[PDB]
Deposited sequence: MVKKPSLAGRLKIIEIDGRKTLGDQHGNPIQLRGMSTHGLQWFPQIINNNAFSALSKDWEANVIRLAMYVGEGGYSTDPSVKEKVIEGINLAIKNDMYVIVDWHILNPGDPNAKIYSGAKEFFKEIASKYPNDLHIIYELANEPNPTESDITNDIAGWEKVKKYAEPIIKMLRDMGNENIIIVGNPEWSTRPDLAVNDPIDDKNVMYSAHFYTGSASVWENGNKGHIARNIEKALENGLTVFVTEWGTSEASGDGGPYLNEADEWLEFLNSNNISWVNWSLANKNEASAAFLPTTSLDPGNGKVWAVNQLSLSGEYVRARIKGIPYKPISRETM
């Protein structure tokens, strides 16, 4: 079982024998393993105590990510309750300003980020539970976040005012910064890293659309991860799926094995997409499964999709022995 906030305390980047990694208050390496909500506008019913209790207790998650797409400003309320439910259920919590369309974390439509982050931070001053993720997936869709240094620099100009502000009020939280091409470029930050001892860099992958190795070569995403790591950055996988990059297809579980070996061997924390019951391969729950499992109840394994079942075993760290899906 991966360590809970009750035993890990404040997370910080530590260095051991020349290598940086995510560590706890005691100065030991730690790995976070959990689940991301789907968009909190589309799937807010996951923000319930019985669900968060089940993920923490049964799935043995030490983290949950609250994907707030940027609909209504009322979505902000489900984030607050989610933060509350996570603290109360002994889990780290990623507050994800979930940019996607447009792709630019700056571009007009994302005005209130610093403002939003200010609010959450004020409500929970230097709370050990919270991890701030400033921009889910900077990307080229309706934006000039290009797949290069110039694109990384726009992301950096967006992130720094928010980081400084957070640090000024005494917030020593892990901050995770996204990067170009849907957060597949943590290597771009090597060129010009954020001067903050507790900033990490996102990487995202979908195992049906990305392999660790192909035709003898390290794949693009895995090698971009390696480049950031070799150059003294740390990487946190705030979103990966067992499906294709659409969120559907497969699941691709043999490829997931290889990704997870690669991440565990490098002590890279990871959060699986997603806690939906949408009819898509990446969704952890069957379409007929309620996102509230009931009072004192967990979801049964047969209420979980093939992906959900697989990720649950991996979060727990138990061998994966899939159930029979036919009975007569």
Non-modelled portions of the deposited polymer sequence, in sequence order: 71-76
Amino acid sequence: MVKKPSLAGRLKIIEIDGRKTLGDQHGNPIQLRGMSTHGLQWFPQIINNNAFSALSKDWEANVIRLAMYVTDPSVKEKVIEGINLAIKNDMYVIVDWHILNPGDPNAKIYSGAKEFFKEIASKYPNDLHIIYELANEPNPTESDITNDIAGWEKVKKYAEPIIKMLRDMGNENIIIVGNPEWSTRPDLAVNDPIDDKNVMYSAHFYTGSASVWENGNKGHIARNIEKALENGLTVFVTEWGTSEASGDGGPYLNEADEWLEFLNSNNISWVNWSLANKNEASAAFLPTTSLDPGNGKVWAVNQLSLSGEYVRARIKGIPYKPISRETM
From here on, numbers count along this sequence of modelled residues.
What stretch has the higher average Cα B-factor here, 246-254 or 134-142? 134-142
Higher avg CA temperature factor (149-157 vs 119-127, as deposited) belongs to 119-127
Choose from 38, 297, 33, 65 the residue with the greatest Cα B-factor as stated in the PDB record. 297
When the entry's CA B-factors for 239, 81, 226, 192 are compared, the highest one belongs to 81
Should residue 22 be placed in the lowest, middle or highest third of its chain by the C-alpha B factor in the entry? lowest
CA B-factor ranking of residue 50, expressed as a third of its chain: highest
Consider only the C-alpha atoms of the modelled residues in this chain, order them by B-factor as the entry records it, and name the third containing residue 93: lowest, middle or highest. middle
Among modelled residues of the same chain, the CA temperature factor third for residue 198: middle
Cα B factor band for residue 289 (lowest, middle or highest third within the chain): middle
